[PDB]
Amino acid sequence: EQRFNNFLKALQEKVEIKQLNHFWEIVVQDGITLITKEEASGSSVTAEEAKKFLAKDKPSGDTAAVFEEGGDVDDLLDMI
Amino acid sequence: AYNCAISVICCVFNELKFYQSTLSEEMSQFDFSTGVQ
């Protein structure tokens, strides 16, 4: 049980750091059934609630795009 | 080219990360008559 619980944590974070079009959103909306630990209750349910909603959104950071010599170009396109 | 780049940096990239009288009338009349300013 707990082994697949930490496996669930690992796979969830792995798909999170992965960026896909048909990403874990389909998995999560079907992962409404036990995507999180259940060996001792209490922590199990709250961890399930935390993992269900994947937790927030805010963009920040300069020169973080593909081919940084275009990141300044991306910065260049900010004046018109 | 670098001077022109400095100029264009002067406004854009203002932040960090710069991508590395009767007497006077009489005198004038005398000057005009003399033709010397």
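Residues numbered from 1 in each chain as written, not as in the entry; some residues may be left out. Chains lettered and ligands numbered in written order. Part of a larger assembly, values for the part shown. Heavy atoms only, no water. Residues with missing side-chain atoms left out of burial classes, pairs and counts.

As stated in the entry header, the method of structure determination is cryo-EM and the reported resolution is 4.55 Å.

Going by what the PDB entry lists, chain A is known as X-ray repair cross-complementing protein 5 and is assigned to Homo sapiens.

**Q** Help me out: how do you make sense of the UniProt feature "short sequence motif: EEXXXDL motif" in chain A in this one?
**A** When the UniProt feature table is mapped to this numbering, "short sequence motif: EEXXXDL motif" covers residues 68-76 of chain A. Secondary structure content for residues 68-76 of chain A is 67% helix and 0% strand, and the end C-alpha separation is 12 Å. (UniProt positions renumbered as here; feature names shortened; annotations may be inferred. Helix = DSSP H or I, 4+ residues; strand = E, 2+ residues; numbered from the N terminus.)

**Q** How do you make sense of the side chain of A:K37 when you look at a structure like this?
**A** Residue and element names in this part refer to chain A. The residue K37 is located in the loop between α2 (24-30) and α3 (43-52) in this model. Within the local environment of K37, its side chain forms a polar contact with the side chain of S44, the two groups lying 2.3 Å apart. Those residues in contact with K37, other than ones at most four positions away along the chain, are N5, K9, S43, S44, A47 and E48. (Polar contact = N/O pair within 3.5 Å; in protein donor to acceptor, adjacent residues only side chain to side chain. Contact = heavy atoms within 4.5 Å.)

**Q** Just to check I follow, could you spell out unusual backbone geometry for this structure?
**A** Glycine aside, a negative phi is what most residues show, and trans is what most peptide bonds show. Residues and elements named next belong to chain A. Within the chain, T63 stands out as a residue other than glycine whose phi angle is a positive 55°. Looking at the element boundaries, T63 is found in the loop between α3 and α4 (71-76). One non-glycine residue, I80, adopts positive backbone phi at about 55°. As for its placement among the helices and strands, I80 is situated in the segment after α4.

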